[PDB]
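Note sheet for the following structure.
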Amino acid sequence: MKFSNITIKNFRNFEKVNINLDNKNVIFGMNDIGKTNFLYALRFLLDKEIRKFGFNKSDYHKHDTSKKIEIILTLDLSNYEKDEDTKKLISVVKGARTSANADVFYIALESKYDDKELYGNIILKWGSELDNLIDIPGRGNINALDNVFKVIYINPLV
Amino acid sequence: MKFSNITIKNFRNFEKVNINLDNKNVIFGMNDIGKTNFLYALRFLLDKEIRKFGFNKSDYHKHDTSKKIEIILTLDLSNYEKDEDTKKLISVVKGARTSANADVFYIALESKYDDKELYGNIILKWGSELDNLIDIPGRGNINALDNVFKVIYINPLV
Amino acid sequence: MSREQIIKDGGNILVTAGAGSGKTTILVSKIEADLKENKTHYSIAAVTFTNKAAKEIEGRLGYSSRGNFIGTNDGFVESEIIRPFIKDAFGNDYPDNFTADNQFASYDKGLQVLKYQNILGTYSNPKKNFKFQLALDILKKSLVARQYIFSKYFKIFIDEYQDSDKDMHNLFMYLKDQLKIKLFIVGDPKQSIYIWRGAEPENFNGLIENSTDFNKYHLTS
Amino acid sequence: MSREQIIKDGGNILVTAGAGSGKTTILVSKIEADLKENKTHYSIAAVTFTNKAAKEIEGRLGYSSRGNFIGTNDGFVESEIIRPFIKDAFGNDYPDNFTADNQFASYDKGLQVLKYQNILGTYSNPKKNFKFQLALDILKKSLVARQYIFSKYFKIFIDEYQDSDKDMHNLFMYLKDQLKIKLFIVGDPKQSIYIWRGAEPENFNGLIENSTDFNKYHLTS
């Protein structure tokens, strides 16, 4: 029904940032580097064609690959009765929810670098409780989260 | 220890082909299209950077996406005592083997087209018995089969 | 004939069809018509009594990325209601692991077996069902279970309703009334030879002779 | 001191170290040295008696894509020997599902519980072990189990050997002798206060006073 918050840690020039959200969001400022990295973090979390690749050594904050990248998004499911997107989410999620937490949901991203193979693997989790998340199931190249969200990217150039 | 055979069905210009193999293999002929598609099938089975993408509508035989692509490779594990590559394979596989079939192993690829999403998903299986195969486990973008095989591709151009 | 009046009807339907009528053909036609017509995220569930019919319908329908359930009514509860939401209704101690010898004649012993023994229970008396009463118990104690069931399916196809216990009727009617999910029932009144497994023919006949929100058709082909 | 003679030794080793010696430090140092030295596909297994020590060692070592087992000795068998290869030894009817109240006093009833009840068994007498005898039984009946164990690990680290039953000793010695896997044993002879759980201090003392293929060191720091 509603986007609420996003947290980003140890990703590019973000070290620990917490941003409140809504359905419509406008980002502006003079940095022009964090503004693009914000949308890249969103694409990594929700876009399968970007997440299809991994994380490089330059994707870690300060290029220190001994730290973990966390990106966590929060939703509000309060209008299940009046909304049909809440049903679209709830029909793919079954069991990861509890009744005491029937109005909040979490989608998380985690990455730890492999020094031997020089690769950063991305693993996704959801859950209602932030201290108990489980892997999103999937077969092959497809994910259960890919069945819900369609991310359309618009750019005048490229 | 030894490659034995490979079967390819409904993939590009291959309809039903069965080829016996060894450790060293040389392919020659005048077709020049099947010769490249042979190596592409090998890359799809064993290369994660090629399998990372899916199958298009042009990857199906006769462009008939109502048929299933199967690629199956066979190995011989007879020299477990004298070979250290048999141990490299056996240490990642644990349970998919049975004692009655302790000398033969299978690695398979299957794809069925999705007409609504216009995507061909690839799902891998191994097993000792060809009538009982199970999905290769993995987390995120990584597979248990990626821990064993390293595919080096050489081409004078590109 | 009336086979064209069914595909054009959307809602609660009965089909009182005898042996040799072609129940599978009309069921598959209706399923395909419903799937083609609808453009939403919802799915369908087809529940049968044997794995043979389930596999036949699975083969006839084909392949899709839309999540539809085709199988036996015993697998329906295990896959959708019990295994995912058992711990949300009773507690975290109740396990969701099971691979079903250990039958008893009480309901409490069924929970005891499922918990301590970690295997699905059963009943010695074939006139009572443990699966379909536990499923209804879970549905009335878990809000997320009802939410998932409502958000997931928009129609459920049921065949051979004459060979249904009272618990199956209770669960299906709970889904139809409290959750507002459509039903499609097909059955032969004079094929209750399975009464040795606790079948109650009274339910189908009562539905035929008393239901007011059900559309009724008969097939003589 | 002798702490430098251990890191330079590769093979079977004992470390008779008392309380306050720093067993964790030397264990982690040896593990890191072995991992850094070896460039093959093999791994190591660290078996403890508590989850606290397991987590401490896990945190100290760090992160790697190499598959090393760090945990309790009860989880070792379940994860490596029993769950994967139970059906290859006895048959396809024996289940690999379990979530472990239901303890008994016989081995056959333990198998019956595991099969019919679908839950791991136990013993009422603490002087006998069900897990570590079933594991050894499976190892002697499955060729693929032995093959995997040999192909997987090149060294196993064991701590607190004084609190070990006879079944644990039997399994570890089977691995050491029949499968030719190195062992690293650390234990305090005078810390058998856990004898209420069936601990047998005689095994560690016998190894110290009779072993001929074991290198022995003592730590006084």
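Numbering starts at 1 and runs along the chain as it is shown here.
For this deposited structure, the header notes the method as electron microscopy, 2.8 Å.
Positions of Cβ are set from backbone N, Cα and C atoms, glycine also.
Look at Swiss-Prot and you will find B:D32, B:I33, B:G34, B:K35, B:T36 tagged as ATP binding site. For B:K94, B:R97, the entry in Swiss-Prot reads site 'Interaction with GajB'.
Using a cut-off of under 8 A between C-beta atoms, the recorded positions B:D32, B:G34, B:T36, B:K94, B:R97 that neighbour chain D are B:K94, B:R97. Across the structure, B:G34 (ATP binding site) and B:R97 (site 'Interaction with GajB') place their CA atoms 33 angstrom apart. Ranked by how many other Cβ atoms sit within 10 Å of their Cβ, the recorded positions B:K35, B:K94, B:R97 place B:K35 at the bottom. Long-range C-beta contacts of B:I33 (ATP binding site), restricted to its own chain and to partners at least six residues apart, with a cutoff below 8 Å, comprise B:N13. In sequence order, B:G29, B:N31, B:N37, B:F38 are the residues of the same chain, not among B:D32, B:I33, B:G34, B:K35, B:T36, whose CB sits within 8 A of the CB centroid for the ATP site. B:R97 (site 'Interaction with GajB') is 33 Å away from B:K35 (ATP binding site) when you measure Cα to Cα. The two recorded residues, B:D32 (ATP binding site) and B:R97 (site 'Interaction with GajB'), have Cα atoms 38 Å apart.
B:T36 (ATP binding site) and B:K94 (site 'Interaction with GajB') have their C-alpha atoms 34 Å apart, to the nearest angstrom.
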